[PDB]
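There is one chain below, alone, in structure tokens, taken in the form deposited in one PDB entry.
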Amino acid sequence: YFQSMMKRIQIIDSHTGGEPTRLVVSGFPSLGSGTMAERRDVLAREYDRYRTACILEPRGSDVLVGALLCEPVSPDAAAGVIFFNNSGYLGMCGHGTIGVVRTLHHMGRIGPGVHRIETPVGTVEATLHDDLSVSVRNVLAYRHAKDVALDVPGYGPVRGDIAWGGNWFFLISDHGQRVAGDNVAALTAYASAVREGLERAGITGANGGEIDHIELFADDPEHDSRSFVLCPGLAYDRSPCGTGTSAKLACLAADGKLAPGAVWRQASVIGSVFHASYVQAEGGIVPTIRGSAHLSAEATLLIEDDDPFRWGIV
């Protein structure tokens, strides 16, 4: 019923292990009634300024990940979601699905139990536990290649795995870097160089898929592993990375290093933790990631018609 000359975008912000999720409850344009993938294509092609308004400065930051709530195609699903970041659109998003599901509870839309969530890479099954933690049974994960040699410009040779966990990842253990929260500047520079190296080498996932997430793994006395993860827009993931941990489990499974049902405890560069396990499937594994999200803001974004930076600063 408001009539002033501005758009209102209703959002609820949460974070999962420190990684933010900006849930868009209302205010984006219609994207039609097709699959989440088809809607993502319309959003990206026709209405990308809505992403930038929500994610980029002045209203956002390069770290943020957004989640657009959509009516799902199947009436058996709780929701559809399209995830996006400072550079573009994600496939699946583990930390974000945890955030969305926790947020839907706060909105009074769901209770504890199993909830199907449609995404541009397929439907996932999220269990909202009685403690309000969330387990996300992800799409199929698999390793495309193992121990791929790469000369990292400015640093020297490494070996990495290429794997899909709902996004494409390059996974490295022999990077020679110090994985710690006080070292994220150097880690960001290193991982950015890795990605430049993959591009130069023409190294890709299946069917030429761009490898746009980089994971650096390290031993951790308190957990199974700690990682630093560089995301497609060159911000790092504050969380253990749900899709990246899914990809890691595909590698561990294929190497006989983690049995089905066994729990893997993955820490992020800042010390937050996800619990993960998998079952075998045809062509890969089906991993489940469990973590917690906390609410951090309820807001209405205001997009004033006369504001030259209404769609963000690009």
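Heads up: residue numbers just count along the shown sequence, starting at 1.
Look at the C-alpha B-factors of 302-310 and of 8-16. On average they run higher in 302-310. The stretch with the higher mean CA B factor, choosing between 34-42 and 270-278, is 34-42.
Residue-level inspection of the entry shows that, of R265, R59, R49, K257, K257 has the top Cα B-factor. Each of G242, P120, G176, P232 has a CA temperature factor in the record; the biggest one is found at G176. Residue-level temperature factors show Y142 in the middle third of its chain, judged at the C-alpha atom.
Remark: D237 belongs to the lowest third of its chain, ranked by C-alpha B-factor as recorded. When the modelled residues of the chain are ordered by C-alpha B-factor, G96 sits in the lowest third. Among all modelled residues in its chain, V134 ranks in the lowest third by Cα B-factor. The PDB entry assigns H213 a C-alpha temperature factor belonging to the lowest third of its chain's modelled residues.
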